[PDB]
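Working notes, structure below.
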Amino acid sequence: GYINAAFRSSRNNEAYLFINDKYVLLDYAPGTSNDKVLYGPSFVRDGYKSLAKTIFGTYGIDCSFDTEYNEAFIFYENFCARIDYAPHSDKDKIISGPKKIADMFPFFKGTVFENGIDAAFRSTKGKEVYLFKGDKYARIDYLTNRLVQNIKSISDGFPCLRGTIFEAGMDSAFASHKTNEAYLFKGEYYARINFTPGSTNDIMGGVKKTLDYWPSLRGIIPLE
Ligand code: NA
């Protein structure tokens, strides 16, 4: 029971992470030690009234990403929705959906993302987002609804991961507030990386034990 999804929050240095059918709001504190928990672990169906009677309230969120303002896409197997998470309040709501990924993102039909996406994170460039499934990755634009490029292996677009455990998949991910940095997770490990849109680059060395560098997650992952 490790992190299966996360998205960056509009609120500075805050991020929501999803574990099983639960979630936690966190001040991850990118370049600082005061990495702390703000809310939860709490059940999605409890923290999000808009999802109480949904498949998401029942099983949780398995992949997601922030878009713009207080909104994020959340997934659960072949289904997804756009929600306004209403940071630090009662007022969350489902904006679009829930629909199938195939119906929310027509370009995914026939590809390996059709029935589920492993993880994702927002790019700093325009309205672009990167999504992962297996050892493949997608770069999309959510406003104009298209694949910016052909889907290809994670190593092709993210060479710094070749050799690492992320080569073959990501349980979860979210973008950092610090420019062009993202956080990736798989099992007990994570990695902070610096990416550059339209380019194939390293780097950020140090795949690390997540609990080793996230004081605030002890007692929370692994959730059993
Ligand atoms: Na996931």
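If you're wondering about the labels, chains in the structure tokens are A, B, ... by order shown, residues count from 1 in each chain, ligands from 1 in order shown.
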Who sits within 12 Å of residue 165 (chain A), only C-alpha atoms, same chain under 2 positions skipped, as a PyMOL selection string | chain A and resi 134-135+154-155+160-163+167-171+184-191+206-208
Write out as a VMD selection string the residues lying within 7 Å of residue 136 (chain A), counting only C-alpha atoms and excluding same-chain residues fewer than 2 positions away.
-> chain A and resid 132 to 134 151 to 154
Write out, as CSV, each residue of chain A that has an atom at most 10 Å from ligand 1, together with the closest pair of atoms and their distance in Å to one decimal, counting only C-alpha atoms and all ligand atoms, rows going by chain and rising number.
residue,atom,partner,partner_atom_place_in_ligand_line,distance
A:2,CA,ligand 1,1 (Na),9.3
A:3,CA,ligand 1,1 (Na),7.2
A:4,CA,ligand 1,1 (Na),3.8
A:5,CA,ligand 1,1 (Na),4.9
A:6,CA,ligand 1,1 (Na),8.4
A:18,CA,ligand 1,1 (Na),8.7
A:19,CA,ligand 1,1 (Na),9.3
A:61,CA,ligand 1,1 (Na),7.8
A:62,CA,ligand 1,1 (Na),4.3
A:63,CA,ligand 1,1 (Na),4.5
A:64,CA,ligand 1,1 (Na),7.9
A:75,CA,ligand 1,1 (Na),8.8
A:76,CA,ligand 1,1 (Na),8.9
A:77,CA,ligand 1,1 (Na),9.4
A:116,CA,ligand 1,1 (Na),8.9
A:117,CA,ligand 1,1 (Na),6.8
A:118,CA,ligand 1,1 (Na),3.8
A:119,CA,ligand 1,1 (Na),4.6
A:120,CA,ligand 1,1 (Na),8.1
A:132,CA,ligand 1,1 (Na),8.8
A:133,CA,ligand 1,1 (Na),8.8
A:169,CA,ligand 1,1 (Na),9.5
A:170,CA,ligand 1,1 (Na),6.9
A:171,CA,ligand 1,1 (Na),4.3
A:172,CA,ligand 1,1 (Na),4.7
A:173,CA,ligand 1,1 (Na),7.9
A:185,CA,ligand 1,1 (Na),9.1
A:186,CA,ligand 1,1 (Na),9.1
Selected residues written out, N, CA, C and O atoms, as an mmCIF file, in the first residue's frame:
data_model
loop_
_atom_site.group_PDB
_atom_site.id
_atom_site.type_symbol
_atom_site.label_atom_id
_atom_site.label_comp_id
_atom_site.auth_asym_id
_atom_site.auth_seq_id
_atom_site.Cartn_x
_atom_site.Cartn_y
_atom_site.Cartn_z
ATOM 1 N N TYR A 2 1.380 1.605 -1.136
ATOM 2 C CA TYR A 2 2.159 2.795 -1.259
ATOM 3 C C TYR A 2 1.411 3.868 -2.054
ATOM 4 O O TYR A 2 0.280 3.734 -2.343
ATOM 5 N N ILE A 3 2.055 4.954 -2.361
ATOM 6 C CA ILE A 3 1.419 6.016 -3.081
ATOM 7 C C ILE A 3 1.012 5.617 -4.462
ATOM 8 O O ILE A 3 1.771 5.111 -5.207
ATOM 9 N N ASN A 4 -0.239 5.834 -4.782
ATOM 10 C CA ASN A 4 -0.623 5.477 -6.070
ATOM 11 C C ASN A 4 -0.975 6.620 -6.908
ATOM 12 O O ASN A 4 -1.103 6.510 -8.054
ATOM 13 N N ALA A 5 -1.047 7.751 -6.298
ATOM 14 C CA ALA A 5 -1.284 8.963 -7.080
ATOM 15 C C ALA A 5 -1.029 10.210 -6.250
ATOM 16 O O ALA A 5 -1.073 10.174 -5.035
ATOM 17 N N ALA A 6 -0.755 11.300 -6.943
ATOM 18 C CA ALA A 6 -0.535 12.584 -6.324
ATOM 19 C C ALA A 6 -0.725 13.679 -7.371
ATOM 20 O O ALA A 6 -0.708 13.415 -8.568
ATOM 21 N N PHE A 18 -2.420 9.956 -2.742
ATOM 22 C CA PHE A 18 -3.404 8.960 -2.555
ATOM 23 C C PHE A 18 -2.897 7.572 -2.315
ATOM 24 O O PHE A 18 -2.173 7.046 -3.063
ATOM 25 N N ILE A 19 -3.342 6.992 -1.220
ATOM 26 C CA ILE A 19 -2.936 5.680 -0.806
ATOM 27 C C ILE A 19 -4.126 4.813 -0.570
ATOM 28 O O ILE A 19 -4.873 5.088 0.256
ATOM 29 N N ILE A 61 -8.113 6.726 -5.624
ATOM 30 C CA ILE A 61 -7.520 7.308 -6.795
ATOM 31 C C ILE A 61 -6.210 6.635 -7.103
ATOM 32 O O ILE A 61 -5.375 6.570 -6.286
ATOM 33 N N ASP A 62 -6.076 6.134 -8.313
ATOM 34 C CA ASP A 62 -4.893 5.451 -8.777
ATOM 35 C C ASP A 62 -3.956 6.180 -9.695
ATOM 36 O O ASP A 62 -2.866 5.768 -9.948
ATOM 37 N N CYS A 63 -4.397 7.318 -10.131
ATOM 38 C CA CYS A 63 -3.571 8.223 -10.917
ATOM 39 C C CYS A 63 -4.252 9.574 -11.005
ATOM 40 O O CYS A 63 -5.488 9.649 -11.003
ATOM 41 N N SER A 64 -3.454 10.638 -11.057
ATOM 42 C CA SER A 64 -4.005 11.969 -11.214
ATOM 43 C C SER A 64 -2.965 13.058 -11.480
ATOM 44 O O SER A 64 -1.763 12.803 -11.422
ATOM 45 N N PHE A 75 -8.173 9.526 -11.559
ATOM 46 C CA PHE A 75 -8.488 8.301 -12.240
ATOM 47 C C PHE A 75 -8.754 7.140 -11.314
ATOM 48 O O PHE A 75 -8.397 7.131 -10.192
ATOM 49 N N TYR A 76 -9.410 6.147 -11.836
ATOM 50 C CA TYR A 76 -9.526 4.866 -11.154
ATOM 51 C C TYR A 76 -9.844 3.797 -12.188
ATOM 52 O O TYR A 76 -10.978 3.652 -12.638
ATOM 53 N N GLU A 77 -8.792 3.075 -12.575
ATOM 54 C CA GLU A 77 -8.852 2.058 -13.612
ATOM 55 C C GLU A 77 -9.312 2.806 -14.872
ATOM 56 O O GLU A 77 -8.913 3.957 -15.055
ATOM 57 N N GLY A 116 -6.322 2.169 -18.111
ATOM 58 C CA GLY A 116 -5.719 2.616 -16.868
ATOM 59 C C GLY A 116 -4.403 3.340 -17.088
ATOM 60 O O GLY A 116 -3.669 3.042 -18.031
ATOM 61 N N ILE A 117 -4.116 4.331 -16.262
ATOM 62 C CA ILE A 117 -2.886 5.091 -16.268
ATOM 63 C C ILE A 117 -2.266 4.934 -14.898
ATOM 64 O O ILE A 117 -2.938 4.990 -13.935
ATOM 65 N N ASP A 118 -0.979 4.633 -14.849
ATOM 66 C CA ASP A 118 -0.205 4.513 -13.616
ATOM 67 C C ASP A 118 0.081 5.764 -12.860
ATOM 68 O O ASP A 118 -0.092 5.852 -11.736
ATOM 69 N N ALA A 119 0.534 6.760 -13.547
ATOM 70 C CA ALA A 119 0.883 8.009 -12.879
ATOM 71 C C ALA A 119 0.971 9.160 -13.856
ATOM 72 O O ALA A 119 0.927 8.956 -15.062
ATOM 73 N N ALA A 120 1.087 10.373 -13.328
ATOM 74 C CA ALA A 120 1.180 11.554 -14.169
ATOM 75 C C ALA A 120 1.634 12.789 -13.406
ATOM 76 O O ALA A 120 1.665 12.798 -12.175
ATOM 77 N N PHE A 132 2.196 8.109 -17.449
ATOM 78 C CA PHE A 132 2.941 6.852 -17.543
ATOM 79 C C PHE A 132 2.091 5.594 -17.384
ATOM 80 O O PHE A 132 1.168 5.547 -16.571
ATOM 81 N N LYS A 133 2.421 4.567 -18.160
ATOM 82 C CA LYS A 133 1.731 3.262 -18.093
ATOM 83 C C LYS A 133 2.825 2.284 -18.501
ATOM 84 O O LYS A 133 3.423 2.412 -19.570
ATOM 85 N N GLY A 169 8.312 1.433 -14.853
ATOM 86 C CA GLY A 169 7.045 1.903 -14.298
ATOM 87 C C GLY A 169 7.095 2.823 -13.078
ATOM 88 O O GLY A 169 8.071 2.818 -12.320
ATOM 89 N N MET A 170 6.019 3.602 -12.891
ATOM 90 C CA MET A 170 5.860 4.510 -11.755
ATOM 91 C C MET A 170 4.525 4.319 -11.079
ATOM 92 O O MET A 170 3.493 4.436 -11.727
ATOM 93 N N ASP A 171 4.557 4.046 -9.778
ATOM 94 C CA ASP A 171 3.344 3.865 -9.010
ATOM 95 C C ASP A 171 2.651 5.227 -8.930
ATOM 96 O O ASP A 171 1.433 5.329 -8.962
ATOM 97 N N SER A 172 3.454 6.280 -8.837
ATOM 98 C CA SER A 172 2.904 7.615 -8.667
ATOM 99 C C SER A 172 3.863 8.755 -8.989
ATOM 100 O O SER A 172 5.066 8.549 -9.087
ATOM 101 N N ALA A 173 3.315 9.956 -9.139
ATOM 102 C CA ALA A 173 4.116 11.140 -9.413
ATOM 103 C C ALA A 173 3.342 12.448 -9.238
ATOM 104 O O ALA A 173 2.125 12.450 -9.250
ATOM 105 N N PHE A 185 7.464 7.990 -7.595
ATOM 106 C CA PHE A 185 7.434 6.951 -6.561
ATOM 107 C C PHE A 185 7.172 5.541 -7.078
ATOM 108 O O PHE A 185 6.424 5.332 -8.041
ATOM 109 N N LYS A 186 7.778 4.569 -6.407
ATOM 110 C CA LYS A 186 7.591 3.162 -6.743
ATOM 111 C C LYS A 186 8.051 2.333 -5.545
ATOM 112 O O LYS A 186 9.247 2.271 -5.223
#
Region 78-92 of chain A environment, 8 Å, only C-alpha atoms, sequence neighbours closer than 5 positions dropped, as JSON, numbers by chain | {"A": [9, 10, 11, 48, 49, 50, 70, 71, 72, 73, 97, 98, 99, 100, 101, 102, 104, 114, 115, 116, 117]}
Identify all residues of region 11-222 of chain A in helix (DSSP H, G or I) (DSSP on the backbone) and supply them as a PyMOL selection string.
-> chain A and resi 44-47+49-51+55-59+101-104+106-108+154-157+159-161+165-168+210-213+215-217
Atomic distance CA of residue 126 (chain A) - CA of residue 7 (chain A), expressed in Å with one decimal | 16.9 Å
Those of region 16-100 of chain A in DSSP strand (DSSP E or B), formatted as a PyMOL selection string | chain A and resi 16-19+22-27+36-43+63-66+71-76+78-84+93-100
Extract, using only C-alpha atoms, all DNA, RNA and protein residues at most 7 Å from region 193-195 of chain A, discarding same-chain residues fewer than 5 positions from it, and format them as a PDB file with C-alpha atoms, in the first residue's frame.
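Final file, out07.pdb:
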ATOM      1  CA  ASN A 180      10.926  21.717 -13.838  1.00  0.00           C
ATOM      2  CA  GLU A 181      11.226  19.302 -10.932  1.00  0.00           C
ATOM      3  CA  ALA A 182       8.967  16.342 -10.356  1.00  0.00           C
ATOM      4  CA  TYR A 183       8.704  13.624  -7.759  1.00  0.00           C
ATOM      5  CA  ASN A 201      17.787  15.021 -20.585  1.00  0.00           C
ATOM      6  CA  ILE A 203      19.218  14.757 -14.302  1.00  0.00           C
ATOM      7  CA  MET A 204      18.709  14.443 -10.611  1.00  0.00           C
TER       8      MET A 204
END
Determine, counting only C-alpha atoms, which protein, DNA and RNA residues have an atom within 12 Å of an atom of residue 31 (chain A); residues of the same chain fewer than 6 positions away are not included. Present the result as number ranges by chain.
-> A: 13, 176-178, 181, 192, 213-214
Determine the nearest neighbour of residue 211 (chain A) from the options A:20, A:69, A:35, A:110, counting only C-alpha atoms.
->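 Between A:20, A:69, A:35, A:110, the residue approaching residue 211 (chain A) most closely is A:35.
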Considering only C-alpha atoms, return as number ranges by chain whatever protein or nucleic-acid residues lie within 7 Å of region 26-30 of chain A, sequence-local ones (same chain, fewer than 5 positions apart) excluded.
-> A: 13-16, 35-38
Residue nearest residue 138 (chain A) among A:164, A:33, A:58, A:111 (counting only C-alpha atoms) =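 Of all the options, A:111 lies closest to residue 138 (chain A).
Taking CA of residue 128 (chain A) and CA of residue 56 (chain A) as endpoints, the distance between them is 24.4 Å.
Going from CA of residue 156 (chain A) over to CA of residue 130 (chain A), you cover 13.4 Å.
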